[PDB]
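Novice: Got an experimental structure here, sequence first:
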Amino acid sequence: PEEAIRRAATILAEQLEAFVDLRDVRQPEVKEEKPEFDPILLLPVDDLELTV
DNA sequence: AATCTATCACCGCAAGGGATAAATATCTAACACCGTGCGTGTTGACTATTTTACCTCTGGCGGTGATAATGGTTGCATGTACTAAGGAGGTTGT
């Protein structure tokens, strides 16, 4: 389950035609985000640049 | 505990979205002034703060009435189911 997740769950990209613009009408509304910056002592191990 | 090939995919690395912070412009608030009026001060006359004195409230409680009145109240403990004990007394027995 440490492999069988990171595209195995994003199959959600195949369950969303029912709900998030069913048609052809993307509208002006945002994504409104989360930033925390380099090189803060709290930053994830991914901020060493990794390998699969 | 090292090796990797061969998974399912994260990175490989192009694009672009929001963000925030700069500059501007607006807002308000903090203040310093002024003016008001109140609680700044002593003095003085008031009248009723307190005390004691006096004259005379409220409520302390002790005292007990007499034409005569002279057989009383009191209602439901409980109705069941048990059974252990004591109580009775005549008698046929110990």
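Specialist: Sure, I can see it. Numbers count the residues shown, from 1 in each chain, chains lettered A, B, ... in the order given.

Novice: Quick test: name the residue nearest the centre of chain A.
Specialist: By CA atoms, centre = their mean, chain A has its centre lying nearest to residue A:10, at 9.1 Å.

Novice: for it, what are its contacts?
Specialist: Contacts for residue A:10 (CB atoms under 8 Å, 6 or more residues apart in numbering) come out as none. Backbone N, C-alpha and C define where each C-beta goes, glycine included.

Novice: can you tell me how far it sits from residue A:16?
Specialist: Separation of residue A:10 from residue A:16 (CB to CB, to the nearest Å): 11 Å.

Novice: Need the overlap of contacts for those two.
Specialist: What both residue A:10 and residue A:16 touch, as defined by CB under 8 Å, 6+ apart, is an empty set.

Novice: Is residue A:18 within a helix or a strand, and which one?
Specialist: Secondary structure from DSSP states H and E places residue A:18 outside every helix and strand.

Novice: and residue A:47, how many neighbours?
Specialist: 10 (other CB atoms under 10 Å).

Novice: so it touches residue A:36, yeah?
Specialist: No: between residue A:47 and residue A:36 there is no contact under CB atoms under 8 Å: 10.0 Å.

Novice: residues near residue A:12, how many?
Specialist: Other residues near residue A:12 number 7, with proximity taken as other CB under 10 Å.

Novice: From residue A:19, how far out is it?
Specialist: Residue A:12 is 11 Å from residue A:19, by CB to CB.

Novice: Repeat that for residue A:2.
Specialist: 30 Å.

Novice: now residue A:47
Specialist: In this view, residue A:47 and residue A:19 are 33 Å apart by CB to CB.

Novice: And for residue A:35?
Specialist: 28 Å.

Novice: Then residue A:51?
Specialist: 36 Å.

Novice: Between those two, which is the more surrounded one?
Specialist: Shown here are residue A:51 and residue A:19; by other CB under 10 Å, residue A:19 has more neighbours (7 against 3).

Novice: before we move on, what SS does residue A:13 have?
Specialist: helix (DSSP: H, G, I helix; E, B strand; the rest coil).

Novice: so how far is residue A:36 from it?
Specialist: 26 Å.

Novice: same deal with residue A:12?
Specialist: Taking CB to CB, one finds residue A:12 at 25 Å from residue A:36.
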